[PDB]
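Below is my_file.cif, which holds mmCIF, C-alpha atoms.
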data_query
loop_
_atom_site.group_PDB
_atom_site.id
_atom_site.type_symbol
_atom_site.label_atom_id
_atom_site.label_comp_id
_atom_site.auth_asym_id
_atom_site.auth_seq_id
_atom_site.Cartn_x
_atom_site.Cartn_y
_atom_site.Cartn_z
ATOM 1 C CA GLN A 1 -110.949 -10.720 -8.096
ATOM 2 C CA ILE A 2 -111.248 -14.122 -9.833
ATOM 3 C CA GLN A 3 -108.286 -14.987 -12.075
ATOM 4 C CA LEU A 4 -107.705 -18.449 -13.454
ATOM 5 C CA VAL A 5 -104.248 -18.279 -15.000
ATOM 6 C CA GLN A 6 -103.173 -21.297 -17.024
ATOM 7 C CA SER A 7 -99.816 -22.762 -17.983
ATOM 8 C CA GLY A 8 -98.134 -21.713 -21.187
ATOM 9 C CA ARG A 9 -98.615 -23.529 -24.522
ATOM 10 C CA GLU A 10 -96.796 -26.824 -25.227
ATOM 11 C CA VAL A 11 -95.366 -28.708 -28.050
ATOM 12 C CA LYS A 12 -95.245 -32.543 -27.640
ATOM 13 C CA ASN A 13 -94.502 -35.352 -30.261
ATOM 14 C CA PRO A 14 -97.219 -38.080 -30.562
ATOM 15 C CA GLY A 15 -97.326 -40.504 -27.703
ATOM 16 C CA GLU A 16 -96.226 -38.085 -24.966
ATOM 17 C CA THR A 17 -98.149 -36.858 -21.844
ATOM 18 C CA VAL A 18 -98.934 -33.293 -20.775
ATOM 19 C CA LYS A 19 -99.977 -31.741 -17.491
ATOM 20 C CA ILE A 20 -101.753 -28.385 -17.949
ATOM 21 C CA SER A 21 -102.193 -26.379 -14.721
ATOM 22 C CA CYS A 22 -104.994 -23.947 -13.799
ATOM 23 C CA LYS A 23 -104.134 -21.741 -10.733
ATOM 24 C CA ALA A 24 -107.249 -20.163 -9.251
ATOM 25 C CA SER A 25 -107.471 -16.769 -7.582
ATOM 26 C CA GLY A 26 -110.221 -14.765 -5.938
ATOM 27 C CA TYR A 27 -112.596 -17.484 -4.735
ATOM 28 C CA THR A 28 -112.634 -20.300 -2.185
ATOM 29 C CA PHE A 29 -111.486 -23.170 -4.377
ATOM 30 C CA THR A 30 -113.507 -25.637 -2.424
ATOM 31 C CA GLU A 31 -116.975 -24.308 -2.986
ATOM 32 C CA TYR A 32 -116.610 -24.125 -6.823
ATOM 33 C CA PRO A 33 -115.543 -27.001 -8.995
ATOM 34 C CA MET A 34 -113.751 -26.877 -12.394
ATOM 35 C CA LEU A 35 -114.922 -27.340 -15.917
ATOM 36 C CA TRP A 36 -112.383 -28.304 -18.580
ATOM 37 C CA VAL A 37 -113.387 -27.260 -22.087
ATOM 38 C CA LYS A 38 -111.641 -28.077 -25.414
ATOM 39 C CA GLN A 39 -111.944 -25.514 -28.218
ATOM 40 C CA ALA A 40 -110.597 -27.274 -31.131
ATOM 41 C CA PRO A 41 -109.116 -25.132 -33.934
ATOM 42 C CA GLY A 42 -112.118 -25.384 -36.229
ATOM 43 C CA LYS A 43 -114.779 -27.311 -34.374
ATOM 44 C CA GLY A 44 -115.908 -24.850 -31.570
ATOM 45 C CA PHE A 45 -116.399 -25.426 -27.801
ATOM 46 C CA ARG A 46 -116.783 -28.819 -26.063
ATOM 47 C CA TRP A 47 -117.267 -29.781 -22.337
ATOM 48 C CA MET A 48 -114.533 -32.264 -21.303
ATOM 49 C CA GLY A 49 -115.933 -32.871 -17.766
ATOM 50 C CA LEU A 50 -116.010 -31.353 -14.274
ATOM 51 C CA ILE A 51 -114.069 -31.978 -11.066
ATOM 52 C CA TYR A 52 -115.549 -31.680 -7.624
ATOM 53 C CA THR A 53 -112.818 -29.590 -5.984
ATOM 54 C CA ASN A 54 -114.304 -30.548 -2.641
ATOM 55 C CA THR A 55 -114.260 -34.414 -2.689
ATOM 56 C CA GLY A 56 -111.901 -34.619 -5.641
ATOM 57 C CA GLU A 57 -114.293 -36.798 -7.943
ATOM 58 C CA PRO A 58 -114.027 -36.149 -11.700
ATOM 59 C CA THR A 59 -116.731 -36.543 -14.305
ATOM 60 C CA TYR A 60 -115.435 -37.067 -17.851
ATOM 61 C CA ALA A 61 -117.412 -36.374 -20.948
ATOM 62 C CA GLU A 62 -117.711 -39.803 -22.753
ATOM 63 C CA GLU A 63 -115.477 -38.383 -25.524
ATOM 64 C CA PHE A 64 -112.795 -37.886 -22.822
ATOM 65 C CA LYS A 65 -113.037 -40.916 -20.519
ATOM 66 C CA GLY A 66 -109.640 -42.723 -20.994
ATOM 67 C CA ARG A 67 -106.577 -40.673 -21.907
ATOM 68 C CA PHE A 68 -107.830 -37.739 -19.887
ATOM 69 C CA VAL A 69 -107.276 -37.384 -16.179
ATOM 70 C CA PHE A 70 -108.293 -34.386 -13.977
ATOM 71 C CA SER A 71 -106.516 -33.866 -10.623
ATOM 72 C CA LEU A 72 -105.870 -30.965 -8.279
ATOM 73 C CA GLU A 73 -103.185 -29.449 -6.103
ATOM 74 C CA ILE A 74 -105.988 -28.522 -3.712
ATOM 75 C CA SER A 75 -103.514 -26.990 -1.444
ATOM 76 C CA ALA A 76 -102.370 -24.458 -3.993
ATOM 77 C CA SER A 77 -105.745 -23.895 -5.646
ATOM 78 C CA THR A 78 -104.624 -25.644 -8.803
ATOM 79 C CA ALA A 79 -106.677 -27.980 -11.045
ATOM 80 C CA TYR A 80 -104.803 -29.895 -13.744
ATOM 81 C CA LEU A 81 -105.547 -31.606 -16.998
ATOM 82 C CA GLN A 82 -103.441 -34.546 -18.030
ATOM 83 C CA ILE A 83 -103.654 -36.016 -21.462
ATOM 84 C CA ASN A 84 -101.675 -39.161 -21.800
ATOM 85 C CA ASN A 85 -100.563 -40.939 -24.997
ATOM 86 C CA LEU A 86 -101.072 -37.802 -26.948
ATOM 87 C CA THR A 87 -102.750 -38.210 -30.268
ATOM 88 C CA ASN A 88 -101.986 -35.844 -33.062
ATOM 89 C CA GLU A 89 -105.647 -34.695 -33.248
ATOM 90 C CA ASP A 90 -105.503 -33.346 -29.708
ATOM 91 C CA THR A 91 -104.010 -30.028 -30.937
ATOM 92 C CA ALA A 92 -106.350 -27.440 -29.641
ATOM 93 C CA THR A 93 -106.700 -25.051 -26.714
ATOM 94 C CA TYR A 94 -107.996 -26.173 -23.324
ATOM 95 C CA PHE A 95 -109.638 -23.737 -20.980
ATOM 96 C CA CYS A 96 -110.328 -24.214 -17.197
ATOM 97 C CA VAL A 97 -113.605 -22.651 -16.075
ATOM 98 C CA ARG A 98 -115.503 -22.084 -12.815
ATOM 99 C CA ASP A 99 -118.947 -23.655 -12.520
ATOM 100 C CA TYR A 100 -121.239 -21.272 -10.654
ATOM 101 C CA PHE A 101 -124.533 -19.513 -11.139
ATOM 102 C CA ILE A 102 -126.212 -22.457 -12.920
ATOM 103 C CA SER A 103 -123.542 -22.321 -15.652
ATOM 104 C CA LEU A 104 -119.959 -21.160 -16.045
ATOM 105 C CA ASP A 105 -119.019 -17.626 -14.941
ATOM 106 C CA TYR A 106 -115.290 -17.253 -15.452
ATOM 107 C CA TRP A 107 -113.035 -18.793 -18.116
ATOM 108 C CA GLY A 108 -109.208 -19.036 -18.014
ATOM 109 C CA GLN A 109 -106.741 -17.791 -20.685
ATOM 110 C CA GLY A 110 -106.287 -21.173 -22.450
ATOM 111 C CA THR A 111 -103.275 -23.466 -22.887
ATOM 112 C CA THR A 112 -102.751 -24.480 -26.498
ATOM 113 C CA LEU A 113 -101.110 -27.826 -27.324
ATOM 114 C CA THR A 114 -99.473 -28.554 -30.583
ATOM 115 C CA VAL A 115 -98.855 -32.280 -30.910
ATOM 116 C CA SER A 116 -96.114 -32.517 -33.506
ATOM 117 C CA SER A 117 -93.014 -34.527 -34.299
ATOM 118 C CA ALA A 118 -89.779 -32.531 -34.457
ATOM 119 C CA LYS A 119 -86.401 -32.045 -32.782
ATOM 120 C CA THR A 120 -85.297 -29.034 -30.735
ATOM 121 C CA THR A 121 -83.934 -25.942 -32.478
ATOM 122 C CA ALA A 122 -82.962 -22.789 -30.583
ATOM 123 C CA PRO A 123 -84.139 -19.455 -32.045
ATOM 124 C CA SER A 124 -81.931 -16.779 -33.563
ATOM 125 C CA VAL A 125 -82.832 -13.361 -32.176
ATOM 126 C CA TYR A 126 -82.302 -10.416 -34.529
ATOM 127 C CA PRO A 127 -82.697 -6.700 -33.744
ATOM 128 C CA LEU A 128 -84.830 -4.634 -36.119
ATOM 129 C CA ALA A 129 -83.663 -1.028 -36.210
ATOM 130 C CA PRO A 130 -84.947 1.658 -38.619
ATOM 131 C CA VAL A 131 -83.454 2.403 -42.032
ATOM 132 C CA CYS A 132 -79.934 3.842 -42.150
ATOM 133 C CA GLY A 133 -81.185 7.296 -43.120
ATOM 134 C CA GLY A 134 -83.329 9.874 -41.358
ATOM 135 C CA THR A 135 -86.398 8.275 -39.768
ATOM 136 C CA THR A 136 -87.788 11.516 -38.323
ATOM 137 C CA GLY A 137 -91.320 11.500 -36.908
ATOM 138 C CA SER A 138 -92.986 12.217 -33.564
ATOM 139 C CA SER A 139 -92.481 8.535 -32.736
ATOM 140 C CA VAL A 140 -90.380 5.543 -33.800
ATOM 141 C CA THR A 141 -90.975 1.822 -34.330
ATOM 142 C CA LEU A 142 -88.377 -0.789 -33.427
ATOM 143 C CA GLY A 143 -88.660 -4.542 -33.817
ATOM 144 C CA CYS A 144 -87.332 -7.952 -32.849
ATOM 145 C CA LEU A 145 -87.282 -11.021 -35.102
ATOM 146 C CA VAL A 146 -87.223 -14.442 -33.424
ATOM 147 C CA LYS A 147 -86.372 -16.804 -36.281
ATOM 148 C CA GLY A 148 -86.180 -20.578 -36.732
ATOM 149 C CA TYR A 149 -87.115 -22.377 -33.524
ATOM 150 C CA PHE A 150 -88.819 -25.619 -32.495
ATOM 151 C CA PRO A 151 -90.952 -26.395 -30.735
ATOM 152 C CA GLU A 152 -93.353 -23.834 -29.323
ATOM 153 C CA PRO A 153 -93.563 -21.734 -27.245
ATOM 154 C CA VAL A 154 -91.295 -18.710 -27.015
ATOM 155 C CA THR A 155 -91.946 -15.775 -24.719
ATOM 156 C CA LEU A 156 -91.048 -12.202 -25.663
ATOM 157 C CA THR A 157 -90.997 -9.026 -23.584
ATOM 158 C CA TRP A 158 -89.632 -5.505 -23.989
ATOM 159 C CA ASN A 159 -87.319 -4.095 -21.299
ATOM 160 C CA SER A 160 -88.095 -7.026 -18.983
ATOM 161 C CA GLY A 161 -91.799 -6.282 -19.390
ATOM 162 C CA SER A 162 -91.692 -2.704 -18.091
ATOM 163 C CA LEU A 163 -92.392 -1.557 -21.651
ATOM 164 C CA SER A 164 -95.724 -3.098 -22.652
ATOM 165 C CA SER A 165 -97.662 -0.144 -24.054
ATOM 166 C CA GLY A 166 -97.316 0.251 -27.818
ATOM 167 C CA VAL A 167 -96.189 -3.328 -28.362
ATOM 168 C CA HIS A 168 -97.433 -5.700 -31.052
ATOM 169 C CA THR A 169 -96.296 -9.303 -30.701
ATOM 170 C CA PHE A 170 -97.070 -11.415 -33.751
ATOM 171 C CA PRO A 171 -98.224 -15.049 -33.404
ATOM 172 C CA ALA A 172 -95.611 -17.667 -34.268
ATOM 173 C CA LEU A 173 -95.908 -19.255 -37.688
ATOM 174 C CA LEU A 174 -94.468 -22.455 -39.083
ATOM 175 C CA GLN A 175 -92.223 -22.069 -42.114
ATOM 176 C CA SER A 176 -89.963 -24.823 -43.461
ATOM 177 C CA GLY A 177 -90.424 -26.943 -40.350
ATOM 178 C CA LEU A 178 -89.510 -24.146 -37.948
ATOM 179 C CA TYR A 179 -91.413 -21.438 -36.091
ATOM 180 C CA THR A 180 -90.770 -17.748 -36.611
ATOM 181 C CA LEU A 181 -92.129 -14.940 -34.460
ATOM 182 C CA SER A 182 -91.654 -11.170 -34.393
ATOM 183 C CA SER A 183 -92.587 -8.149 -32.321
ATOM 184 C CA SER A 184 -92.711 -4.393 -32.773
ATOM 185 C CA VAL A 185 -92.668 -1.606 -30.228
ATOM 186 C CA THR A 186 -93.401 2.080 -30.765
ATOM 187 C CA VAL A 187 -92.051 4.840 -28.525
ATOM 188 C CA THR A 188 -91.636 8.623 -28.730
ATOM 189 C CA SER A 189 -88.628 9.736 -30.785
ATOM 190 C CA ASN A 190 -87.043 11.166 -27.635
ATOM 191 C CA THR A 191 -87.005 7.801 -25.854
ATOM 192 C CA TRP A 192 -84.910 5.989 -28.462
ATOM 193 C CA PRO A 193 -82.021 5.773 -28.949
ATOM 194 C CA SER A 194 -81.560 7.979 -25.860
ATOM 195 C CA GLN A 195 -82.880 5.317 -23.500
ATOM 196 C CA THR A 196 -82.051 1.642 -23.955
ATOM 197 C CA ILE A 197 -84.717 -0.607 -25.470
ATOM 198 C CA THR A 198 -84.149 -4.349 -25.165
ATOM 199 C CA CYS A 199 -85.916 -7.403 -26.593
ATOM 200 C CA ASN A 200 -86.113 -10.334 -24.138
ATOM 201 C CA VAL A 201 -86.685 -13.796 -25.604
ATOM 202 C CA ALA A 202 -87.013 -17.186 -23.910
ATOM 203 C CA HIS A 203 -87.292 -20.615 -25.529
ATOM 204 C CA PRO A 204 -87.974 -23.090 -22.663
ATOM 205 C CA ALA A 205 -87.599 -26.229 -24.794
ATOM 206 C CA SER A 206 -83.936 -25.389 -25.513
ATOM 207 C CA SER A 207 -83.171 -23.456 -22.306
ATOM 208 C CA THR A 208 -82.364 -20.466 -24.506
ATOM 209 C CA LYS A 209 -82.589 -16.919 -23.156
ATOM 210 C CA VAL A 210 -81.521 -13.987 -25.334
ATOM 211 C CA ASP A 211 -81.413 -10.292 -24.466
ATOM 212 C CA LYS A 212 -80.945 -8.160 -27.584
ATOM 213 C CA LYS A 213 -80.579 -4.388 -27.290
ATOM 214 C CA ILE A 214 -81.789 -2.496 -30.356
ATOM 215 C CA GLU A 215 -78.846 -0.479 -31.671
ATOM 216 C CA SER A 216 -78.831 2.263 -34.294
ATOM 217 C CA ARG A 217 -77.503 1.189 -37.697
ATOM 218 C CA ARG A 218 -74.826 3.895 -37.571
ATOM 219 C CA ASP B 1 -154.560 -35.170 32.313
ATOM 220 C CA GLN B 2 -151.294 -36.800 33.305
ATOM 221 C CA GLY B 3 -152.276 -40.337 34.372
ATOM 222 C CA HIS B 4 -150.052 -41.729 31.634
ATOM 223 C CA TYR B 5 -147.594 -40.452 29.082
ATOM 224 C CA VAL B 6 -146.325 -41.994 25.877
ATOM 225 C CA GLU B 7 -142.862 -41.485 24.461
ATOM 226 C CA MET B 8 -142.861 -38.842 21.737
ATOM 227 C CA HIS B 9 -139.340 -38.268 20.437
ATOM 228 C CA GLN B 10 -138.240 -36.875 17.118
ATOM 229 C CA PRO B 11 -139.276 -37.661 13.599
ATOM 230 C CA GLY B 12 -136.896 -39.352 11.305
ATOM 231 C CA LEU B 13 -136.392 -37.823 7.922
ATOM 232 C CA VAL B 14 -139.120 -37.737 5.299
ATOM 233 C CA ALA B 15 -139.115 -37.805 1.521
ATOM 234 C CA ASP B 16 -139.812 -34.652 -0.446
ATOM 235 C CA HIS B 17 -138.971 -34.848 -4.141
ATOM 236 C CA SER B 18 -140.514 -31.438 -4.682
ATOM 237 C CA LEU B 19 -137.067 -30.367 -3.485
ATOM 238 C CA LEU B 20 -135.098 -32.147 -6.194
ATOM 239 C CA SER B 21 -135.686 -29.723 -9.042
ATOM 240 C CA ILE B 22 -133.287 -29.385 -12.006
ATOM 241 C CA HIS B 23 -130.501 -26.792 -12.414
ATOM 242 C CA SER B 24 -131.110 -26.828 -16.198
ATOM 243 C CA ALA B 25 -128.888 -29.907 -16.548
ATOM 244 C CA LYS B 26 -128.257 -31.105 -12.968
ATOM 245 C CA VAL B 27 -130.666 -32.203 -10.271
ATOM 246 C CA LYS B 28 -131.181 -29.341 -7.844
ATOM 247 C CA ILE B 29 -132.088 -29.759 -4.196
ATOM 248 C CA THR B 30 -133.400 -26.899 -2.070
ATOM 249 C CA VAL B 31 -134.298 -26.438 1.612
ATOM 250 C CA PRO B 32 -137.478 -25.528 3.528
ATOM 251 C CA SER B 33 -136.181 -22.787 5.818
ATOM 252 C CA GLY B 34 -132.572 -23.792 6.220
ATOM 253 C CA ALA B 35 -133.664 -27.235 7.389
ATOM 254 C CA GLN B 36 -131.250 -30.140 7.255
ATOM 255 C CA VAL B 37 -131.443 -31.973 3.917
ATOM 256 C CA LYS B 38 -129.621 -35.304 3.810
ATOM 257 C CA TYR B 39 -128.328 -35.776 0.287
ATOM 258 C CA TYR B 40 -126.294 -37.822 -2.277
ATOM 259 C CA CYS B 41 -127.245 -39.747 -5.422
ATOM 260 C CA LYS B 42 -126.428 -43.209 -6.741
ATOM 261 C CA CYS B 43 -123.511 -41.589 -8.556
ATOM 262 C CA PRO B 44 -120.640 -40.090 -6.518
ATOM 263 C CA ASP B 45 -121.368 -36.493 -5.384
ATOM 264 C CA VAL B 46 -121.985 -34.750 -1.989
ATOM 265 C CA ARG B 47 -122.376 -37.625 0.473
ATOM 266 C CA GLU B 48 -124.021 -36.327 3.679
ATOM 267 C CA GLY B 49 -126.023 -33.199 2.953
ATOM 268 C CA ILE B 50 -126.278 -30.735 5.817
ATOM 269 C CA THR B 51 -126.757 -27.663 3.716
ATOM 270 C CA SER B 52 -128.722 -24.863 2.185
#

What do you get writing this file as structure tokens?
Amino acid sequence: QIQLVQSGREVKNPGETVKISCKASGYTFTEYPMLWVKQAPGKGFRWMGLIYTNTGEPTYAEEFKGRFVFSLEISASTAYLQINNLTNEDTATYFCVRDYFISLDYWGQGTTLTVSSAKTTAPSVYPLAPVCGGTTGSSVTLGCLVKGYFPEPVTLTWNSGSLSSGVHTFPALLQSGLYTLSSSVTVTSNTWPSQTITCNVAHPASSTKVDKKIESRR
Amino acid sequence: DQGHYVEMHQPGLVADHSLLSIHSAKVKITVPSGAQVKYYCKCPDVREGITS
């Protein structure tokens, strides 16, 4: 019914601008305005303002009057947050939210911004296959290591997303100035290596797409 | 009696601030029976008011 799906997470060096979209589904856009909330890493939840999706007038919280600008692609049921002249202390997650029932009833997924200086490094995608010997159980765990990229984000799927059950994707972590991510997938021992299992990785900032099929070590 | 008749057309609006309650942070208007409540505030919000 109601889905507010947000853009993916960006990386931006200080000074830049970002436009975060919020695409609304399930309600009539026009009778319910949008709340923009900032949940800062430590600090907790904060109201950034509200936009009248009918007239188009924004209210800003005083903390947010200035670099922040709400707007909407009415026509497509999108509300957008734009933060100009990005300050380093704006790294946090921003949620769109529907104001209804004397409060807020639905929250989006969040779009996380990491304001941070750094060039652009494409990831190296490495297959993780089991040890050279044996590996005999009722199931089997394969993996995919996405190493050394910048900036965030990368997306990772298994078999173009048709294999989602039994998957653990591990949050990217910064190490020596670069991000590293990994994912595991577990399937029955009959599936692999009988049927092909492929790691799909995209790094938008570098226009890098890598498809890596997990092959047996021998 | 009909020997004269005076004009008696509509009422204009009337004030009723019993309407303008609070929605726990926002000022909350209501309606009598679906009557026509003509509404906006000094700030910019809904500008006519023909509503529930």

Notebook entry, point to check: With only C-alpha atoms as the basis for distance, which of A:185, A:173, A:102, A:145 is at the shortest distance from chain B?
Noted result: A:102

Notebook entry, point to check: What is the atom CA of residue 201 of chain A to atom CA of residue 125 of chain A distance in Å?
Noted result: 7.6 Å

Notebook entry, point to check: Where does the PyMOL selection byres ((chain A) within 8 of (chain B)) land in this file, that is, which residues does it pick, as a PyMOL selection string?
Noted result: chain A and resi 52+55+57+102

Note to self: Residues within 9 Å of residue 146 of chain A, please, as a PyMOL selection string. Count only C-alpha atoms; anything in the same chain fewer than 4 positions from it doesn't count.
What the structure shows: chain A and resi 123-127+154+156+179-183+201

Notebook entry, point to check: Interatomic distance between atom CA of residue 82 of chain A and atom CA of residue 68 of chain A?
Noted result: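 Pair atom CA of residue 82 of chain A / atom CA of residue 68 of chain A returns 5.7 Å.
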
Next item on the list: Report as an MDAnalysis selection string the full result of the PyMOL selection byres ((chain B and resi 52) around 9) when it is applied to this structure.
Entry: chainID B and resid 29:37 49:51

Go ahead and write the selection's residues with C-alpha atoms as a PDB file, keeping the file's coordinate frame.
ATOM      1  CA  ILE B  29    -132.088 -29.759  -4.196  1.00  0.00           C
ATOM      2  CA  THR B  30    -133.400 -26.899  -2.070  1.00  0.00           C
ATOM      3  CA  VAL B  31    -134.298 -26.438   1.612  1.00  0.00           C
ATOM      4  CA  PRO B  32    -137.478 -25.528   3.528  1.00  0.00           C
ATOM      5  CA  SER B  33    -136.181 -22.787   5.818  1.00  0.00           C
ATOM      6  CA  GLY B  34    -132.572 -23.792   6.220  1.00  0.00           C
ATOM      7  CA  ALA B  35    -133.664 -27.235   7.389  1.00  0.00           C
ATOM      8  CA  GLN B  36    -131.250 -30.140   7.255  1.00  0.00           C
ATOM      9  CA  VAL B  37    -131.443 -31.973   3.917  1.00  0.00           C
ATOM     10  CA  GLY B  49    -126.023 -33.199   2.953  1.00  0.00           C
ATOM     11  CA  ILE B  50    -126.278 -30.735   5.817  1.00  0.00           C
ATOM     12  CA  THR B  51    -126.757 -27.663   3.716  1.00  0.00           C
TER      13      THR B  51
END

Check: Any idea what the distance is between atom CA of residue 77 of chain A and atom CA of residue 41 of chain A?
Finding: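 It comes out at 28.5 Å.
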
Notebook entry, point to check: Where does the PyMOL selection byres ((chain A and resi 2) around 9) land in this file, that is, which residues does it pick, as a PyMOL selection string?
Noted result: chain A and resi 1+3-4+24-27+106

Next item on the list: Point out the residue among A:50, A:22, A:210, A:178 with the least atom-to-atom distance to residue 147 of chain A, counting only C-alpha atoms.
Entry: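 Among the listed residues, the smallest separation from residue 147 of chain A belongs to A:178.
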
Margin query: So that I can see what lies close to residue 138 of chain A, please list as a list in words the residues with an atom at most 10 Å from it, counting only C-alpha atoms and leaving out residues fewer than 6 positions away in the same chain.
Written below: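 Here the qualifying residues turn out to be residues 187, 188, 189 and 190 of chain A.
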
Item checked: 10 Å contact set for segment 60-66 of chain A, only C-alpha atoms, chain neighbours under 4 positions out, as number ranges by chain -> A: 35-36, 46-51, 70, 83-84

Mind dumping the selected residues with C-alpha atoms as a PDB file, keeping the file's coordinate frame?
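What follows is the written file out-v7.pdb:
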ATOM      1  CA  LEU A  35    -114.922 -27.340 -15.917  1.00  0.00           C
ATOM      2  CA  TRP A  36    -112.383 -28.304 -18.580  1.00  0.00           C
ATOM      3  CA  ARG A  46    -116.783 -28.819 -26.063  1.00  0.00           C
ATOM      4  CA  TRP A  47    -117.267 -29.781 -22.337  1.00  0.00           C
ATOM      5  CA  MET A  48    -114.533 -32.264 -21.303  1.00  0.00           C
ATOM      6  CA  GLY A  49    -115.933 -32.871 -17.766  1.00  0.00           C
ATOM      7  CA  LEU A  50    -116.010 -31.353 -14.274  1.00  0.00           C
ATOM      8  CA  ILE A  51    -114.069 -31.978 -11.066  1.00  0.00           C
ATOM      9  CA  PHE A  70    -108.293 -34.386 -13.977  1.00  0.00           C
ATOM     10  CA  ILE A  83    -103.654 -36.016 -21.462  1.00  0.00           C
ATOM     11  CA  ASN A  84    -101.675 -39.161 -21.800  1.00  0.00           C
TER      12      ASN A  84
END

Residue completion, segment 30-43 of chain B, N, CA, C and O atoms, as a CSV table (one decimal), in the frame of the given file:
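Result saved to part05.csv:
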chain,number,residue,atom,x,y,z
B,30,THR,N,-133.2,-28.1,-2.8
B,30,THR,CA,-133.4,-26.9,-2.1
B,30,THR,C,-133.7,-27.2,-0.6
B,30,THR,O,-133.5,-28.4,-0.2
B,31,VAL,N,-134.1,-26.2,0.2
B,31,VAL,CA,-134.3,-26.4,1.6
B,31,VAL,C,-135.6,-25.7,2.0
B,31,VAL,O,-136.0,-24.7,1.4
B,32,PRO,N,-136.3,-26.2,3.0
B,32,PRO,CA,-137.5,-25.5,3.5
B,32,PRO,C,-137.2,-24.1,4.0
B,32,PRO,O,-137.7,-23.1,3.5
B,33,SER,N,-136.4,-24.0,5.1
B,33,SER,CA,-136.2,-22.8,5.8
B,33,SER,C,-134.8,-22.7,6.3
B,33,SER,O,-134.5,-22.1,7.3
B,34,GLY,N,-133.8,-23.4,5.6
B,34,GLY,CA,-132.6,-23.8,6.2
B,34,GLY,C,-132.6,-25.1,6.9
B,34,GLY,O,-131.6,-25.4,7.7
B,35,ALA,N,-133.6,-25.9,6.8
B,35,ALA,CA,-133.7,-27.2,7.4
B,35,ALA,C,-132.6,-28.1,6.8
B,35,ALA,O,-131.9,-27.8,5.9
B,36,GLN,N,-132.4,-29.3,7.5
B,36,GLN,CA,-131.2,-30.1,7.3
B,36,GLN,C,-131.6,-31.2,6.2
B,36,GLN,O,-132.4,-32.1,6.6
B,37,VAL,N,-131.1,-31.1,5.0
B,37,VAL,CA,-131.4,-32.0,3.9
B,37,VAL,C,-130.3,-32.9,3.7
B,37,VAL,O,-129.2,-32.5,3.4
B,38,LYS,N,-130.6,-34.2,3.7
B,38,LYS,CA,-129.6,-35.3,3.8
B,38,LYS,C,-129.5,-35.9,2.4
B,38,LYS,O,-130.5,-36.5,1.9
B,39,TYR,N,-128.4,-35.7,1.7
B,39,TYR,CA,-128.3,-35.8,0.3
B,39,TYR,C,-127.1,-36.5,-0.3
B,39,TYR,O,-126.0,-36.3,0.3
B,40,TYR,N,-127.3,-37.2,-1.4
B,40,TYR,CA,-126.3,-37.8,-2.3
B,40,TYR,C,-127.2,-38.5,-3.3
B,40,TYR,O,-128.4,-38.6,-3.2
B,41,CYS,N,-126.5,-39.0,-4.4
B,41,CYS,CA,-127.2,-39.7,-5.4
B,41,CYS,C,-126.5,-41.1,-5.6
B,41,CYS,O,-125.5,-41.3,-5.0
B,42,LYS,N,-127.1,-41.9,-6.5
B,42,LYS,CA,-126.4,-43.2,-6.7
B,42,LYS,C,-125.0,-43.0,-7.3
B,42,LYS,O,-124.1,-43.7,-7.0
B,43,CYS,N,-124.8,-41.9,-8.1
B,43,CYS,CA,-123.5,-41.6,-8.6
B,43,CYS,C,-122.7,-41.1,-7.4
B,43,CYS,O,-123.2,-40.9,-6.3
